[PDB]
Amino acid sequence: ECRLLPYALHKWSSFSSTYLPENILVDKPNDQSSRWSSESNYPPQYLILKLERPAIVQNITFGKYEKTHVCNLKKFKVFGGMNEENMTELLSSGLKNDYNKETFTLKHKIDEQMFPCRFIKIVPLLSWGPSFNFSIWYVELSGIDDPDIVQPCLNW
C-alpha cells in the first residue's frame, strides 16, 4: 500500500559549493560528489522537500556513500506538515556510518488518525566524525497519496 512519493527541493539552510541540495535525488554511492553538504555545521541546518501531492508520509530512506564518511548524519530529526511554516516532529534518530541504505518509519498518526504532509524538513544535528559540514547522499520518501485515503484525513 506504500509507494514512492516524488518530491522537489524547496528550501535549504545553506550548501557548500558543488554539493547542491538536488544531489539527494540521485543514488550514486560510488560518487563522493553526489550529496548535499551544508555550508557549515552551525545550527540550524536543514533541507525542506515539497511533495508533488499531499500524502500520508510513512517512511524515509537514506542512501549512503560506498564507504564510511565523517559527514554522515550521526543524529538527525525529520519534521513535516501540510504548511511549510508549521510542522510537527516525525522522527528523531541517527544513521549508521556504513554503506547500507536505511529506512525509518515516520510518525504519521495522532490517536490512530492518519495525517497528511506536503512538506518534509530534514534537520541534520551531528556528524559521525570531525567535520565542518553535514552531508546527505540520497533521500526517498514513501507512503500514501491515494486521494481516497488522503482526502478523508484532511481537515474541513
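Counting begins at 1, following the sequence as shown.
For the two regions 134-142 and 20-28, the entry's Cα B-factors average higher over 20-28. In this entry, 93-101 shows the higher mean Cα temperature factor of the pair 93-101 and 41-49. Among all modelled residues in its chain, residue 67 ranks in the highest third by Cα B-factor. Split the chain's modelled residues into thirds by C-alpha temperature factor. Residue 110 is in the highest one. Placement of the Cα temperature factor of residue 54 within the chain: middle third of the modelled residues, per the deposited record.
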